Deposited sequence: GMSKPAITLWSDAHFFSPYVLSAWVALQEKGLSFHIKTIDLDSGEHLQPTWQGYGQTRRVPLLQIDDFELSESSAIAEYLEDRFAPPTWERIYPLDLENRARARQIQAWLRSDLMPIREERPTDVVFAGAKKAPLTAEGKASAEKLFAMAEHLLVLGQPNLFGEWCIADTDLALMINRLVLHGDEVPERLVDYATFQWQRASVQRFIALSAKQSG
């Protein structure tokens, strides 16, 4: 057993800490979570690693399927689209991220009506997501992968705030939020 520590924000609100948490939980790895009042930071023995998608990728490389459970798609094109989704969510949609921060997700916080920039960003999210999920599949690529969780978090910034969201995306994001690993993270801030 390697010693594993995941560093979180004190509120357990970071969506990137959520992402790293889910990667760890879905691998079934034993770890301690610690808070800082720079996150997430993974420590495994004498190795340290930051950036939540790099952390998931490392866990998948090091604790490789089929011995440990898989968190990236096996098919290379599905795998590429998973990475595309992770990268896009971290590089785009800044208005949603700024106008709907994750206290809306984890603490029921209410914020202001969307700006013009916020609405345009929300419509871009909806168009992309509807395309990604055009088969109406519960998980992006059939079986769940880490990108489902990240995408659902982004959609839930709107869904859980009460903003109007196409029904199929509500259904997707709500189903993803029932994921056990996600529910276990939510519990950290519920009390």
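Q: Tell me, which runs of residues in the deposited sequence have no coordinates at all?
A: Model skips 1-3, 41-58, 213-215 of the deposited chain.
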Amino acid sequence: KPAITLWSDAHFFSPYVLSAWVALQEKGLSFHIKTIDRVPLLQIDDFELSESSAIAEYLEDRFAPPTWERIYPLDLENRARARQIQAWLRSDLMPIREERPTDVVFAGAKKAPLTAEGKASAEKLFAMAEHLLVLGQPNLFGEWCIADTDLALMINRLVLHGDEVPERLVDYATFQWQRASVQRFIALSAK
From here on, numbers count along this sequence of modelled residues.
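Q: Select between 154-162 and 125-133 the stretch whose C-alpha atoms have the higher average B-factor in the entry.
A: Comparing averages over the C-alpha atoms only gives 125-133.
Q: Can you tell me which stretch has the higher mean Cα B-factor, 46-54 or 134-142?
A: Comparing averages over the C-alpha atoms only gives 134-142.
Q: Compare the CA B factors listed in the entry for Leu74, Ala80, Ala120, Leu89 and report the winner.
A: Of the options given, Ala120 has the highest CA B-factor in the PDB entry.
Q: Mind checking which third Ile85 falls in for C-alpha B-factor across the chain?
A: Bottom third by C-alpha B-factor.
Q: Which third, lowest, middle or highest, does the C-alpha temperature factor of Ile36 belong to within its own chain?
A: Answer is highest: the recorded C-alpha B-factor places it there.
Q: Taking the chain's C-alpha temperature factors as the reference, tell me which third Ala10 falls into: lowest, middle or highest.
A: Within its chain, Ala10 is a highest-third residue by C-alpha B-factor, going by the deposited values.
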